[PDB]
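Report on one structure; see the data block that follows.
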Amino acid sequence: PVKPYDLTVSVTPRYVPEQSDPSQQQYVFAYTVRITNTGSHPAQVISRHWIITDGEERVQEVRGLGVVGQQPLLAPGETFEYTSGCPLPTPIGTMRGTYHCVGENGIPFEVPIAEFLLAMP
Amino acid sequence: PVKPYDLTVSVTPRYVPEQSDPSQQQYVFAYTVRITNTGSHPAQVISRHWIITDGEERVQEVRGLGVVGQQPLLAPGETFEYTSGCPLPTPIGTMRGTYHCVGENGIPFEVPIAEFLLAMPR
Amino acid sequence: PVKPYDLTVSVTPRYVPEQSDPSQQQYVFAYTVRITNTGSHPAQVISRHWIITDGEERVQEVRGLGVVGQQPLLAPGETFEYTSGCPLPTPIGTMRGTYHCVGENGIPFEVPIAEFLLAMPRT
Amino acid sequence: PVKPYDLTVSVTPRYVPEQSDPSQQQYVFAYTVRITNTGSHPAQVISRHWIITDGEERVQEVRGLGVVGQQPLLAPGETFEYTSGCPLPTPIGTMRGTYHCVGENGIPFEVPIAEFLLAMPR
């Protein structure tokens, strides 16, 4: 059952009309991420890798350190959640990526972020 | 126009019966905060100050670093949210406070938290 | 004595020949900062402001968050030290700045960094 | 040419008599570390792994996050230094390890710490 090092991620995308203009191919989505330490030991999120694909198969990548300027050391059971934006020239698209993390024992590990869909309601 | 350093804060309280004994004035509210970067430049949340006021005008202050152990550096457009609790000896009260923040330029600035109220859904 | 929130900073600059060329007006110095919590409560380093001045009075400013991409919450007594570089077209110059910090009680405060000079080994 | 992600590590051991007892075979060594960004891009130290060997080839390992509670993000040319201790049953031994790091681009890489020795000055 329980694992020593496990982090669970849930992402809920949503279109934002309030600041989008499909008339000129301006689509703005907002995805809210929920990282949850589901393992038996503390673990820290280090870096993030993102792959956003267009409605026309146009790939774009983002790489950086930490999530919203931090690399939280999550105790087993706690959560960390933020919401960031994703612009697209098409009304639909996908997003998939990776969070690079590390257990308290220092050994790094990867927690994949399942590819999800993005489209107007 | 648009400000270079600005963060808007919204809170949603909600009484929690399952862990409060009104029989002994032990009221427990849960609150969620949404800090969103409205300005045009990256900004970060450093420390908080809460002034929770009692139904009988009794006050209790809280002062510490970060929010639920985090000091998010929110890019413009990004938002960070957390849920925390608040005890009260009365079924209604108001929480108000400040967040001490700093822009990507390292300069500190304050973002006030508007006085909102906590009340039993009853 | 012994204040509630206090951080003392010591900086030791040093010209670096191995990567400097005075014939091209390329002077590279390395300063080593040493932050020490000299107060009764923990405190955290948040941001830094640097004013570097030229041998010809030419100013340059650097502002950013943290020190070495970190904002250490120093326990009373512990220290944090790193060394960063400082390029200059002149063989001498000064550096003066500010660290913006915050006590564990969330109250912010500033620990000023006294103006020191940079010059080649001799003067 | 010059590497994009490269960190150089140097250590200076130092026996500490006033904090050890040879008689009881309790040898205490202090050691300072200098990590310098020799690469062309910013890099950060995340976690450490140490393998300290005994004069009698007795191993002892250590694994943790950060270096003395810090995970410096060194701009190229910058360096971070700290001092820790190392207990020993013998008056001589070696310490060798690894630092797990990440480039500003988030990709993790490893910077090894070459085996160096600890020994009483006498």
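By convention here, the chains of the structure tokens are called A, B, ... in the order presented, each chain's residues are numbered starting at 1, and ligands are numbered starting at 1 in the order presented.
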Note to self: Which of chain A end up as strand (DSSP E) when DSSP is run on this backbone - answer as a PyMOL selection string?
What the structure shows: chain A and resi 7-12+27-37+43-53+59-65+73-74+79-88+92-103+108-119
Margin query: Show me, as a list in words, the residues that have an atom within 6 Å of region 56-73 of chain A when counting only C-alpha atoms, minus same-chain residues fewer than 6 positions from it.
Written below: residues 43, 44, 45, 46, 47, 48, 49 and 50 of chain A; 72, 73 and 74 of chain B; 105 and 106 of chain D
Within 12 Å of chain A: each chain C residue with its shortest pair, only C-alpha atoms, as a tab-separated table:
residue	atom	partner	partner_atom	distance
C:65	CA	A:69	CA	10.6
C:66	CA	A:69	CA	11.3
C:69	CA	A:69	CA	10.1
C:70	CA	A:70	CA	9.8
C:71	CA	A:70	CA	10.6
Write the residues you've just listed into a file as a PDB file, in the first residue's frame, and include N, CA, C and O atoms for each of them.
ATOM      1  N   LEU C  65      15.855  39.484  -5.219  1.00  0.00           N
ATOM      2  CA  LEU C  65      15.352  38.771  -4.059  1.00  0.00           C
ATOM      3  C   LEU C  65      16.314  37.708  -3.563  1.00  0.00           C
ATOM      4  O   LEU C  65      16.950  37.011  -4.347  1.00  0.00           O
ATOM      5  N   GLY C  66      16.408  37.576  -2.248  1.00  0.00           N
ATOM      6  CA  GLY C  66      17.295  36.582  -1.672  1.00  0.00           C
ATOM      7  C   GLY C  66      18.789  36.772  -1.917  1.00  0.00           C
ATOM      8  O   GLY C  66      19.229  37.689  -2.612  1.00  0.00           O
ATOM      9  N   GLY C  69      19.921  33.001  -4.466  1.00  0.00           N
ATOM     10  CA  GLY C  69      18.646  32.352  -4.722  1.00  0.00           C
ATOM     11  C   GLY C  69      18.000  31.698  -3.514  1.00  0.00           C
ATOM     12  O   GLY C  69      17.303  30.685  -3.633  1.00  0.00           O
ATOM     13  N   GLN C  70      18.205  32.286  -2.346  1.00  0.00           N
ATOM     14  CA  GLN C  70      17.664  31.725  -1.130  1.00  0.00           C
ATOM     15  C   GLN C  70      17.366  32.877  -0.178  1.00  0.00           C
ATOM     16  O   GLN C  70      17.916  33.971  -0.315  1.00  0.00           O
ATOM     17  N   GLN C  71      16.473  32.638   0.769  1.00  0.00           N
ATOM     18  CA  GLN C  71      16.107  33.647   1.750  1.00  0.00           C
ATOM     19  C   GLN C  71      16.153  32.875   3.051  1.00  0.00           C
ATOM     20  O   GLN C  71      15.129  32.413   3.554  1.00  0.00           O
TER      21      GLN C  71
END
Contact table chain C vs chain B, cut-off 12 Å, shortest pair per residue, only C-alpha atoms, as CSV:
residue,atom,partner,partner_atom,distance
C:42,CA,B:65,CA,10.7
C:43,CA,B:65,CA,9.5
C:44,CA,B:65,CA,9.0
C:45,CA,B:46,CA,10.6
C:46,CA,B:106,CA,7.6
C:47,CA,B:106,CA,4.9
C:48,CA,B:106,CA,6.5
C:49,CA,B:106,CA,7.5
C:50,CA,B:106,CA,11.0
C:61,CA,B:105,CA,11.2
C:62,CA,B:105,CA,9.0
C:63,CA,B:105,CA,5.6
C:64,CA,B:106,CA,5.0
C:65,CA,B:106,CA,5.2
C:66,CA,B:106,CA,8.2
C:67,CA,B:106,CA,11.1
C:70,CA,B:71,CA,11.7
C:71,CA,B:71,CA,10.1
C:73,CA,B:65,CA,9.8
C:98,CA,B:106,CA,10.4
C:99,CA,B:106,CA,9.2
C:100,CA,B:106,CA,7.9
C:101,CA,B:108,CA,9.6
C:102,CA,B:65,CA,8.1
C:103,CA,B:65,CA,7.9
C:104,CA,B:64,CA,5.9
C:105,CA,B:64,CA,4.8
C:106,CA,B:64,CA,4.7
C:107,CA,B:47,CA,7.7
C:108,CA,B:100,CA,7.8
C:109,CA,B:108,CA,10.0
C:110,CA,B:108,CA,10.5
Next item on the list: Find the residues in chain A near chain B: any atom within 12 Å counts, using only C-alpha atoms. Write them as a VMD selection string.
Entry: chain A and resid 16 19 28 to 34 65 to 75 78 to 87
Item checked: Contacts of residue 120 (chain A) within 8 Å, only C-alpha atoms, excl. fewer than 3 positions in-chain, as a VMD selection string -> chain A and resid 14 to 15 91 to 92
Suppose we keep N, CA and C atoms; can you now write the selection as a PDB file, in the first residue's frame?
ATOM      1  N   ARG A  14      -9.521  25.602 -16.853  1.00  0.00           N
ATOM      2  CA  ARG A  14     -10.764  26.327 -17.052  1.00  0.00           C
ATOM      3  C   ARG A  14     -10.500  27.545 -17.926  1.00  0.00           C
ATOM      4  N   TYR A  15     -11.358  27.742 -18.919  1.00  0.00           N
ATOM      5  CA  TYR A  15     -11.250  28.864 -19.837  1.00  0.00           C
ATOM      6  C   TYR A  15     -11.552  30.163 -19.075  1.00  0.00           C
ATOM      7  N   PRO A  91      -8.929  27.307 -29.572  1.00  0.00           N
ATOM      8  CA  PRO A  91      -9.871  27.048 -28.478  1.00  0.00           C
ATOM      9  C   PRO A  91      -9.649  25.739 -27.715  1.00  0.00           C
ATOM     10  N   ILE A  92      -8.851  24.823 -28.255  1.00  0.00           N
ATOM     11  CA  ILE A  92      -8.568  23.583 -27.531  1.00  0.00           C
ATOM     12  C   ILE A  92      -7.090  23.231 -27.573  1.00  0.00           C
TER      13      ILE A  92
END
